[PDB]
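The sequence lines fix the lettering, A, B, ..., with proteins before strands; numbering per chain opens at 1.
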2 protein chains.
Amino acid sequence: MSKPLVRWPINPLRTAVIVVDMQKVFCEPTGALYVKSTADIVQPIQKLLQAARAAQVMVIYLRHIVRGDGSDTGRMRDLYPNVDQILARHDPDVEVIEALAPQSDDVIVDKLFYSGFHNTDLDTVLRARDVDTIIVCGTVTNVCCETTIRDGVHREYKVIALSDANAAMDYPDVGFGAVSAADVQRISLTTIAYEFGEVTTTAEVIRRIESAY
Amino acid sequence: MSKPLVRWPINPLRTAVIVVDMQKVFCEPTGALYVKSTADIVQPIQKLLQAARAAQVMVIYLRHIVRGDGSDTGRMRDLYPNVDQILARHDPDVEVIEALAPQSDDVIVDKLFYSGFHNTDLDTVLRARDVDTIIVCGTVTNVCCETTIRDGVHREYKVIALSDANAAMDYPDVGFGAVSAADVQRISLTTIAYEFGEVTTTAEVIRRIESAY
């Protein structure tokens with residue numbers, strides 16, 4: 001390391017938690033896009049949300065949901081040919097898992113692609129509350145979570161990624177060798193810490209939230 | 001692999017090449033942000049640009065350049081504390097390397113952060129020409145190149161990343177283990193091929209350009 005790690009001071013009034021795509025389609029073993037490492041992040045996210053709500057830190061869930069008729073999928077459908085049949089609004093598996101069931105004051109923001117920011121309600125929700133700091137958890141680490149992180153920092157948000165509350169998936173060998181979830185995770189967290197914002201643990205962010213409140 | 005690799009058919013009239021940040025600051029050994037693997041991508045990019053110009057495929061260079069006074073760096077300055085002194089417009093090393101010197105009909109688009117699209121002229125330049133397909137090369141693979149790729153696909157562009165013409169850098173161990181350029185590259189190209197668009201070689205894209213013209 002030749003430059004320091006970044007740490008963002010938490011002002012609860014100007015902070016939100018973003019729970020990325022904790023939907024049945026990614027979290028249930030029978031889900032069409034099941035990411036097995038999600039099992040290990042449900043508990044830390046539950047603790048995080050309990051602390052956030054106690055400190056009046058806004059909780060926002062992202063859901064990847066499309067209409068189902070193909071009117072809102074172009075590149076997404078080229079890359080995932082079955083997208084209209086698995087992420088359709090009518091599909092039961094687009095719902096957030098019961099273990100993380102949104103509460104009445106929480107905000108739900110739906111999105112057509114990976115980014116939580118691009119062409120979504122999220123920037124309005126955050127700026128209306130004068131939020132400038134976001135804590136990101138959920139799945140998939142390097143895809144929807146990282147795109148939300150990259151898009152957030154480009155809008156000047158102070159982004160905190162939770163090392164133990166973002167879940168990555170294995171990839172098949174497409175010409176460049178096998179890629180494990182552990183390798184994805186290692187590379188993603190390192191990249192975030194060097195390029196995009198802060199990486200810390202769920203426990204430390206909870207402590208920081210409790211101390212500021 | 002359970003879903004197919006994506007290949008985009010090249011229409012030269014609706015295609016552009018994007019050369020990401022081939023600036024002295026990244027490409028010269030004395031540069032403040034030197035990425036040694038750039039040495040290996042200069043030749044393929046030269047071949048690519050020669051073929052593109054011959055087929056009237058628009059060539060666009062991105063440069064990461066800031067004013068120098070700190071007025072246009074917030075998060076970028078938190079992450080790279082010296083940014084105003086190394087990427088300032090007056091700094092000689094922000095210029096594109098002579099080996100890839102832009103020609104009179106080429107387009108140069110400047111940017112304040114990593115993304116070639118966010119808050120830049122790029123979308124105007126591409127859509128004005130009715131371009132919907134972009135070929136991405138340059139540095140750094142997982143940072144400016146990948147952010148440009150992610151941002152491009154979210155705008156519905158058909159994106160082709162060149163496996164042998166994007167250069168990655170090593171990272172220090174920040175808590176998750178050492179990360180080599182080779183590992184960054186492996187993970188990035190695999191992610192692009194699964195999530196964001198096409199990965200192919202410079203030679204194959206040149207052939208595809210020549211055959212369509």
Close side-chain approach of B:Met1 and A:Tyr171, heavy atoms under 4.5 Å:
no
Report yes if the side chains of B:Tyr80 and A:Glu195 come closer than 4.5 Å at any heavy-atom pair, otherwise no.
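A side-chain contact under 4.5 Å exists here.
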Non-hydrogen atoms of chain A under 4.5 Å away: do they reach the side chain of [X], the backbone, both or neither?
X: B:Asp151; value: side chain
X: B:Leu5; value: side chain
X: B:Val6; value: side chain
X: B:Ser188; value: neither
X: B:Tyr157; value: backbone
X: B:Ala178; value: backbone
X: B:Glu198; value: neither

Any carboxylate oxygen within less than 4.0 angstrom of a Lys/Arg side-chain nitrogen, looking at B:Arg186 and A:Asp183?
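Answer for the salt bridge query: yes.
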Is it true that A:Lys158 and B:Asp78 make a salt bridge, defined as a side-chain N closer than 4.0 Å to a carboxylate O?
no
Taking every non-hydrogen pair under 4.5 Å, which of A:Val184, A:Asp173, A:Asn142 racks up the most with chain B?
A:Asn142
Which of A:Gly177, A:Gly175, A:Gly197, A:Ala193 touches chain B most, by non-hydrogen pairs under 4.5 Å:
A:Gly197
Does [X] use its side chain to pair, donor to acceptor, with the backbone of [Y] at less than 3.5 Å?
X: A:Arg75; Y: B:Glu156; answer: yes
X: B:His154; Y: A:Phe113; answer: no
X: B:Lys3; Y: A:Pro81; answer: no

Just do the side chain to side chain contact (heavy atoms under 4.5 Å, CB included) check on A:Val174 and B:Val199 with the steps written out, would you?
CA-CA 10 Å; A:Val174 299; B:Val199 178; over 6 Å; no
Chain B contact via A:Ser2 - which portion, at a heavy-atom distance below 4.5 Å
neither
Using every non-hydrogen atom in the two residues, find where B:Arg150 and A:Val143 come nearest and quote the distance to one decimal.
NH1-O, 3.6 Å
